[PDB]
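Coordinates from my_file25.pdb are shown below (PDB, C-alpha atoms).
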ATOM      1  CA  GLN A   1     -15.631  43.397  -7.803  1.00  0.00           C
ATOM      2  CA  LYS A   2     -12.018  42.706  -6.872  1.00  0.00           C
ATOM      3  CA  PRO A   3     -11.313  41.761  -3.217  1.00  0.00           C
ATOM      4  CA  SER A   4      -7.805  43.094  -2.602  1.00  0.00           C
ATOM      5  CA  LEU A   5      -7.041  42.291   1.030  1.00  0.00           C
ATOM      6  CA  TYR A   6      -4.021  40.297   2.179  1.00  0.00           C
ATOM      7  CA  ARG A   7      -3.584  37.539   4.751  1.00  0.00           C
ATOM      8  CA  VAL A   8      -0.547  37.506   7.027  1.00  0.00           C
ATOM      9  CA  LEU A   9       1.157  34.183   7.714  1.00  0.00           C
ATOM     10  CA  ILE A  10       3.535  33.103  10.445  1.00  0.00           C
ATOM     11  CA  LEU A  11       5.638  30.036   9.696  1.00  0.00           C
ATOM     12  CA  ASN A  12       6.774  27.465  12.227  1.00  0.00           C
ATOM     13  CA  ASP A  13      10.351  26.874  13.298  1.00  0.00           C
ATOM     14  CA  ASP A  14      11.966  24.841  16.068  1.00  0.00           C
ATOM     15  CA  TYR A  15      13.610  27.780  17.849  1.00  0.00           C
ATOM     16  CA  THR A  16      11.153  30.630  18.469  1.00  0.00           C
ATOM     17  CA  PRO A  17       9.436  30.321  21.875  1.00  0.00           C
ATOM     18  CA  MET A  18       5.680  29.775  21.933  1.00  0.00           C
ATOM     19  CA  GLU A  19       5.443  32.724  24.330  1.00  0.00           C
ATOM     20  CA  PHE A  20       6.955  35.064  21.744  1.00  0.00           C
ATOM     21  CA  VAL A  21       4.486  34.032  19.049  1.00  0.00           C
ATOM     22  CA  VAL A  22       1.576  34.642  21.427  1.00  0.00           C
ATOM     23  CA  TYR A  23       3.079  38.083  22.069  1.00  0.00           C
ATOM     24  CA  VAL A  24       3.221  39.005  18.377  1.00  0.00           C
ATOM     25  CA  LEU A  25      -0.350  37.802  17.846  1.00  0.00           C
ATOM     26  CA  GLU A  26      -1.751  39.698  20.830  1.00  0.00           C
ATOM     27  CA  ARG A  27       0.065  42.926  19.934  1.00  0.00           C
ATOM     28  CA  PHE A  28       0.734  43.157  16.197  1.00  0.00           C
ATOM     29  CA  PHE A  29      -2.511  41.376  15.328  1.00  0.00           C
ATOM     30  CA  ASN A  30      -4.748  42.616  18.136  1.00  0.00           C
ATOM     31  CA  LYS A  31      -5.589  39.045  19.158  1.00  0.00           C
ATOM     32  CA  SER A  32      -7.273  38.040  22.399  1.00  0.00           C
ATOM     33  CA  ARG A  33      -5.450  35.500  24.544  1.00  0.00           C
ATOM     34  CA  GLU A  34      -7.700  32.666  23.360  1.00  0.00           C
ATOM     35  CA  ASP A  35      -7.331  33.518  19.657  1.00  0.00           C
ATOM     36  CA  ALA A  36      -3.574  34.131  19.874  1.00  0.00           C
ATOM     37  CA  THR A  37      -3.124  30.779  21.602  1.00  0.00           C
ATOM     38  CA  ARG A  38      -5.220  28.961  18.991  1.00  0.00           C
ATOM     39  CA  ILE A  39      -3.232  30.450  16.113  1.00  0.00           C
ATOM     40  CA  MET A  40       0.092  29.818  17.856  1.00  0.00           C
ATOM     41  CA  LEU A  41      -0.721  26.136  18.367  1.00  0.00           C
ATOM     42  CA  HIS A  42      -1.842  25.923  14.739  1.00  0.00           C
ATOM     43  CA  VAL A  43       1.580  27.225  13.714  1.00  0.00           C
ATOM     44  CA  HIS A  44       3.352  24.765  16.011  1.00  0.00           C
ATOM     45  CA  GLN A  45       1.292  21.782  14.855  1.00  0.00           C
ATOM     46  CA  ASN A  46       0.445  22.562  11.222  1.00  0.00           C
ATOM     47  CA  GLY A  47       3.581  24.509  10.306  1.00  0.00           C
ATOM     48  CA  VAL A  48       1.761  27.715   9.381  1.00  0.00           C
ATOM     49  CA  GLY A  49      -0.945  29.971  10.815  1.00  0.00           C
ATOM     50  CA  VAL A  50      -3.115  32.821   9.553  1.00  0.00           C
ATOM     51  CA  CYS A  51      -2.657  35.936  11.688  1.00  0.00           C
ATOM     52  CA  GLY A  52      -5.359  37.988   9.985  1.00  0.00           C
ATOM     53  CA  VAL A  53      -6.486  39.756   6.823  1.00  0.00           C
ATOM     54  CA  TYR A  54      -5.721  43.426   6.176  1.00  0.00           C
ATOM     55  CA  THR A  55      -5.177  46.008   3.450  1.00  0.00           C
ATOM     56  CA  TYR A  56      -1.894  45.771   1.550  1.00  0.00           C
ATOM     57  CA  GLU A  57      -0.363  48.691   3.464  1.00  0.00           C
ATOM     58  CA  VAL A  58      -1.325  47.319   6.879  1.00  0.00           C
ATOM     59  CA  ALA A  59      -0.223  43.781   6.003  1.00  0.00           C
ATOM     60  CA  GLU A  60       3.144  45.032   4.753  1.00  0.00           C
ATOM     61  CA  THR A  61       3.514  47.002   7.987  1.00  0.00           C
ATOM     62  CA  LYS A  62       2.583  44.154  10.333  1.00  0.00           C
ATOM     63  CA  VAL A  63       4.811  41.638   8.545  1.00  0.00           C
ATOM     64  CA  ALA A  64       7.746  44.019   8.991  1.00  0.00           C
ATOM     65  CA  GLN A  65       6.819  44.574  12.641  1.00  0.00           C
ATOM     66  CA  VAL A  66       6.760  40.826  13.292  1.00  0.00           C
ATOM     67  CA  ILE A  67      10.123  40.016  11.706  1.00  0.00           C
ATOM     68  CA  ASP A  68      11.865  43.090  13.116  1.00  0.00           C
ATOM     69  CA  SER A  69      10.548  42.107  16.541  1.00  0.00           C
ATOM     70  CA  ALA A  70      11.648  38.503  16.022  1.00  0.00           C
ATOM     71  CA  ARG A  71      15.202  39.528  15.126  1.00  0.00           C
ATOM     72  CA  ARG A  72      15.406  42.004  18.017  1.00  0.00           C
ATOM     73  CA  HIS A  73      14.379  39.112  20.266  1.00  0.00           C
ATOM     74  CA  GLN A  74      16.989  36.967  18.501  1.00  0.00           C
ATOM     75  CA  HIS A  75      14.490  34.448  17.102  1.00  0.00           C
ATOM     76  CA  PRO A  76      14.473  33.021  13.534  1.00  0.00           C
ATOM     77  CA  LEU A  77      10.699  33.489  13.164  1.00  0.00           C
ATOM     78  CA  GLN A  78       9.456  33.982   9.603  1.00  0.00           C
ATOM     79  CA  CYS A  79       6.382  35.981   8.621  1.00  0.00           C
ATOM     80  CA  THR A  80       4.934  36.843   5.215  1.00  0.00           C
ATOM     81  CA  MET A  81       1.822  38.088   3.422  1.00  0.00           C
ATOM     82  CA  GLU A  82      -0.082  37.069   0.308  1.00  0.00           C
ATOM     83  CA  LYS A  83      -3.380  37.810  -1.427  1.00  0.00           C
ATOM     84  CA  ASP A  84      -6.439  36.623   0.486  1.00  0.00           C
TER      85      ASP A  84
END

Using structure tokens, write down the structure from this file.
Amino acid sequence: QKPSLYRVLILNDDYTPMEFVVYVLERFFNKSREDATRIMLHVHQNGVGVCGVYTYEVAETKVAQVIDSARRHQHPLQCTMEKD
């Protein structure tokens, strides 16, 4: 076998509003309010949070969605993906 899915990470920063991060989790990562909150607080407290695991194509898409959204909202939020 060769598991080839990819996890999407959101990194913490001191400028992006908590509310925005919850928004990106609920929309771009299909998270419920409870799960989006959990992950958001994990980012805020631990410095990084796992948004989910997807195929390469989907991960690449969602990462782009997150950062594009962040910039359009004028936040410095960073997002990236790597092999699960």

Nearest to residue 4 of chain A, restricted to all atoms listed in the file and choosing among A:23, A:47, A:59, A:16, comes out as A:59

(Q) Within 10 Å of (0.4, 35.4, 9.2) (file coordinates; only C-alpha atoms), which protein or nucleic acid residues are there? I'd like them as a ChimeraX atom specification. (A) /A:6-11,25,29,39,43,48-53,59,62-63,66,78-82

Q) Which one of A:14, A:5, A:27, A:19 sits closest to residue 73 of chain A if you count only C-alpha atoms? A)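 Checking each of A:14, A:5, A:27, A:19 against residue 73 of chain A, counting only C-alpha atoms, the winner is A:19.
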
Decode the PyMOL selection byres ((chain A and resi 20) around 12) for the given file into explicit residues and return them as a ChimeraX atom specification.
/A:10,15-19,21-28,36-37,40,66-67,69-77

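With distances taken over all atoms listed in the file, A:83 is the one residue among A:83, A:31, A:42, A:68 lying closest to residue 3 of chain A.
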
Atom CA of residue 45 of chain A to atom CA of residue 57 of chain A measures 29.3 Å

Q. Which value, in Å to one decimal, gives the distance between atom CA of residue 65 of chain A and atom CA of residue 32 of chain A?
A.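 Rounded to one decimal, the two atoms are 18.3 Å apart.
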
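For the pair atom CA of residue 13 of chain A and atom CA of residue 55 of chain A, the interatomic distance is 26.5 Å.
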
Please enclose the listed atoms of segment 53-57 of chain A in an axis-aligned box, pad each side by 5 Å, and write out the centre and the three edge lengths in Å, rounded to one decimal, as JSON.
{"center_x": -3.4, "center_y": 44.2, "center_z": 4.2, "size_x": 16.1, "size_y": 18.9, "size_z": 15.3}

Mind filling out segment 3-25 of chain A with N, CA and C atoms and sending it as a PDB file, in the coordinates of the input?
ATOM      1  N   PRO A   3     -11.831  41.868  -4.585  1.00  0.00           N
ATOM      2  CA  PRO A   3     -11.313  41.761  -3.217  1.00  0.00           C
ATOM      3  C   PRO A   3      -9.791  41.839  -3.200  1.00  0.00           C
ATOM      4  N   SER A   4      -9.245  42.877  -2.576  1.00  0.00           N
ATOM      5  CA  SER A   4      -7.805  43.094  -2.602  1.00  0.00           C
ATOM      6  C   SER A   4      -7.201  43.220  -1.207  1.00  0.00           C
ATOM      7  N   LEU A   5      -7.630  42.350  -0.300  1.00  0.00           N
ATOM      8  CA  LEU A   5      -7.041  42.291   1.030  1.00  0.00           C
ATOM      9  C   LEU A   5      -5.999  41.182   1.082  1.00  0.00           C
ATOM     10  N   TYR A   6      -5.144  41.220   2.097  1.00  0.00           N
ATOM     11  CA  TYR A   6      -4.021  40.297   2.179  1.00  0.00           C
ATOM     12  C   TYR A   6      -3.926  39.618   3.538  1.00  0.00           C
ATOM     13  N   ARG A   7      -3.729  38.304   3.521  1.00  0.00           N
ATOM     14  CA  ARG A   7      -3.584  37.539   4.751  1.00  0.00           C
ATOM     15  C   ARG A   7      -2.123  37.478   5.182  1.00  0.00           C
ATOM     16  N   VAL A   8      -1.895  37.578   6.485  1.00  0.00           N
ATOM     17  CA  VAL A   8      -0.547  37.506   7.027  1.00  0.00           C
ATOM     18  C   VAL A   8      -0.296  36.130   7.628  1.00  0.00           C
ATOM     19  N   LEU A   9       0.815  35.514   7.237  1.00  0.00           N
ATOM     20  CA  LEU A   9       1.157  34.183   7.714  1.00  0.00           C
ATOM     21  C   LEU A   9       2.377  34.209   8.619  1.00  0.00           C
ATOM     22  N   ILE A  10       2.357  33.356   9.635  1.00  0.00           N
ATOM     23  CA  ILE A  10       3.535  33.103  10.445  1.00  0.00           C
ATOM     24  C   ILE A  10       3.914  31.639  10.279  1.00  0.00           C
ATOM     25  N   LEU A  11       5.172  31.394   9.930  1.00  0.00           N
ATOM     26  CA  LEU A  11       5.638  30.036   9.696  1.00  0.00           C
ATOM     27  C   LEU A  11       6.271  29.456  10.948  1.00  0.00           C
ATOM     28  N   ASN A  12       6.190  28.139  11.082  1.00  0.00           N
ATOM     29  CA  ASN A  12       6.774  27.465  12.227  1.00  0.00           C
ATOM     30  C   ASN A  12       8.281  27.316  12.094  1.00  0.00           C
ATOM     31  N   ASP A  13       8.953  27.267  13.236  1.00  0.00           N
ATOM     32  CA  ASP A  13      10.351  26.874  13.298  1.00  0.00           C
ATOM     33  C   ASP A  13      10.575  26.242  14.664  1.00  0.00           C
ATOM     34  N   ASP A  14      11.726  25.610  14.852  1.00  0.00           N
ATOM     35  CA  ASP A  14      11.966  24.841  16.068  1.00  0.00           C
ATOM     36  C   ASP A  14      12.666  25.648  17.160  1.00  0.00           C
ATOM     37  N   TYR A  15      12.795  26.955  16.957  1.00  0.00           N
ATOM     38  CA  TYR A  15      13.610  27.780  17.849  1.00  0.00           C
ATOM     39  C   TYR A  15      12.861  28.904  18.565  1.00  0.00           C
ATOM     40  N   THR A  16      11.929  29.549  17.871  1.00  0.00           N
ATOM     41  CA  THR A  16      11.153  30.630  18.469  1.00  0.00           C
ATOM     42  C   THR A  16      10.242  30.103  19.570  1.00  0.00           C
ATOM     43  N   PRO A  17      10.284  30.736  20.751  1.00  0.00           N
ATOM     44  CA  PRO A  17       9.436  30.321  21.875  1.00  0.00           C
ATOM     45  C   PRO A  17       7.957  30.567  21.610  1.00  0.00           C
ATOM     46  N   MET A  18       7.124  29.623  22.031  1.00  0.00           N
ATOM     47  CA  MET A  18       5.680  29.775  21.933  1.00  0.00           C
ATOM     48  C   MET A  18       5.237  31.120  22.496  1.00  0.00           C
ATOM     49  N   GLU A  19       5.767  31.464  23.667  1.00  0.00           N
ATOM     50  CA  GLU A  19       5.443  32.724  24.330  1.00  0.00           C
ATOM     51  C   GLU A  19       5.632  33.932  23.418  1.00  0.00           C
ATOM     52  N   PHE A  20       6.696  33.929  22.623  1.00  0.00           N
ATOM     53  CA  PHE A  20       6.955  35.064  21.744  1.00  0.00           C
ATOM     54  C   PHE A  20       5.879  35.181  20.673  1.00  0.00           C
ATOM     55  N   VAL A  21       5.504  34.047  20.093  1.00  0.00           N
ATOM     56  CA  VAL A  21       4.486  34.032  19.049  1.00  0.00           C
ATOM     57  C   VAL A  21       3.138  34.529  19.575  1.00  0.00           C
ATOM     58  N   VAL A  22       2.797  34.149  20.800  1.00  0.00           N
ATOM     59  CA  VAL A  22       1.576  34.642  21.427  1.00  0.00           C
ATOM     60  C   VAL A  22       1.651  36.160  21.584  1.00  0.00           C
ATOM     61  N   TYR A  23       2.836  36.649  21.936  1.00  0.00           N
ATOM     62  CA  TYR A  23       3.079  38.083  22.069  1.00  0.00           C
ATOM     63  C   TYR A  23       2.827  38.840  20.768  1.00  0.00           C
ATOM     64  N   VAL A  24       3.376  38.337  19.667  1.00  0.00           N
ATOM     65  CA  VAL A  24       3.221  39.005  18.377  1.00  0.00           C
ATOM     66  C   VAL A  24       1.770  38.990  17.905  1.00  0.00           C
ATOM     67  N   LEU A  25       1.052  37.921  18.231  1.00  0.00           N
ATOM     68  CA  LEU A  25      -0.350  37.802  17.846  1.00  0.00           C
ATOM     69  C   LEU A  25      -1.222  38.763  18.645  1.00  0.00           C
TER      70      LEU A  25
END
